[PDB]
Each structure stands twice: as structure tokens, then as C-alpha cells.
């Protein structure tokens, strides 16, 4: 029998995607030689299987390249040789994904998986298809897009402490729509830590911190006044700051406007993209636990703000209840858990 050669690419093929390696397989014989070069003549790294039957590229192929593959198979029946040439995808534009939380992090039970692209994604389904999420213990989750660039993945209920989460964004060589291809792959892994749920009840004006179901701190607080109230709902804890200059102009509100502001505060924990924080407020200690006086932040004492800074972590949960405000928008950026599960589960890839 004359040896046969089978490649994972077709001679004369265009638009070949570089999201997979290129392989060469020999039948009725073994591979005596296999080389692959690009248009400039530079060789492509590869490896031959010990049995001599399979050859595969070992480095990723580039966009907008013409590769020439030459292979020779030898067998008792005879010899066979083939030359193939193919052209890879020619992207119109490239987009880089950014994944949160960070690799190796320990996050709270409310932390979703976040994949943010630096460009608008026309084929959301293709993006979701290219993201493999592993969970241990395994749990059902789903994708949901906060905007044209960022997609979130979370389960129906808060994570179970101790869950391992692994995120592989394999967007390289993937057509994300309108000629937009992924600039690279990204791969992160994180773990869920203690259950920490702080509840701010406007009827009592107390921020109570519960760690694994036990109350460990009770903080008098002053929330947003009626004209600028704090929205009810579930907030995901974000970044921590020993101190931060609060500037309303970052939210489209001129500083010189009635609701504008610009001041420096200590021990600030972010809980919404819309600008809600837990922070030190020495000027309202007298009102904390009695009346609301802020632009929407949870004003707490300096010692309680610092305690919150030291003992709360990204992904922990703050829930506000019984305020005169509405509900935090589900697409705020840290309000994911305000979207009903059935809506989140059905997604919005269009």
C-alpha cells in the first residue's frame, strides 16, 4: 500500500483560522519529512510524534500569512510527497480581552467572571463560545452582556465558598464579527473565600456585617438623602482605597452643580460603578444611625470604614434595603445580581 497524507488544511484555502494548530497525518507509512514556512521563508516550529505518524505545529500561526507546507511519507509500498499552500485569516480589526478577577485571587461569594474587550463585539455568541469556564464543585452559570464590550458569567445563587473557578478565553483566531478577531488568549483562575454579606437597612440605618452567617460588626451609617438617595439592591464589593479623591465630574455631574462635589475621603470601598462607596465620614458621625445626608455613599465612622477596608474583599456582598430610592441597575458593573436569574440565564447574545 502506498502511504497517504492527510493535512488539517486544504491546498488553495483562504481565510484559514489560526485558532487551532495545523497537523499532518501519515497512513500506510511514516512521515519522513514535514516542513512549514511563511511567505518570508521563516520556518514554523513543529514536532513529530514518536511513532512518526503525526506532525503538528507547536507555535501559534499569525494572521495575514501565507504558509507553504511540504511533507514526505515513506512506506514499504513506496513514497508520497505533497505541497500545500494556504492563507490565514486577514482581520479587519483586533480586540484584546481583559479578564477579572485576577489570577490566583481569593474573591467573595458574589464575584462574577468578567471578560471585557477593548472593542465592540458584533458576534456575542462567538465570544461566549470561545470562553470555557470550569467550576469545582461544578455549578450551572450563564453569560450576560452588561454592554457591547463586557460579558459576565455567574451562577443562579452566590458562589459556594471554596469553589475553584478557571477561565480560558480562547479568542485568538476567532472571528468575533465584522472582521474583528481576538488579539490573544487569556487564562485566569481564582477561588471563592468566606461568605461576607453586609446588609444596610434604611429603617435602622445600620450597616451589619455578617461573616459566614454570624454578625461580626454593626456600623451606624448615613446613606443618601431623599433627593440623592442610595438605591436598594445587591452590590458587589469592588476596589479598596486607603483614600481617594471623590470627583462627581467623573460621573457626568459638574462639580459646580448643586449635586456636584469634589473631596478627599479615607478608607473607601467601592460597591457600584455609579459611585456608591462605604467610606469614612467624620462630618456625619452625629447623623450616622439616625438620618441620611450623603450623595448616595454609606457614610460610616472612620474606625468602621477602616474595619470594612481591612475585613471586606473584592466579591463580597453589600445589600441595601428599604431606602426611598429605586433598585441598583443590573448592568451597573457591580449590580449583576439584581438581574433575575431567568433573564440572566436566557442571556442576550442576540
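Heads up, when I say rigid core I mean the largest set of C-alphas that superpose within 1.5 Å between the two forms. Positions refer to the first chain, counted from 1.
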In 7 other deposited structures of this protein, rigid core aligned: more displaced of 276-284 and 254-262 by C-alpha RMS
254-262
RMS over structures and residues, CA atoms, rigid core fit in 7 other deposited structures of this protein: 245-253 vs 125-133, larger is 245-253
Between 108-116 and 213-221 (mean CA B-factor, as deposited), the higher
213-221
Of 339-347 and 1-9, which one has the bigger average CA B-factor?
1-9
For the CA B factor values reported in this entry, which option in 208, 257, 191, 269 has the top one?
257
Compare the CA B factors listed in the entry for 26, 298, 321, 317 and report the winner.
26
Relative C-alpha B-factor of residue 330, binned into the chain's lowest, middle or highest third:
lowest
Pull the Cα B-factor of residue 72 out of the PDB entry and bin it into the chain's lowest, middle or highest third.
highest
Residue 243, C-alpha B-factor rank within chain (lowest, middle or highest third):
middle
Sorting the chain's modelled residues by C-alpha B-factor, tell me whether residue 178 ends up in the lowest, middle or highest third.
highest
Divide the modelled residues of the chain into thirds by Cα B-factor and specify which third, lowest, middle or highest, holds residue 99.
middle
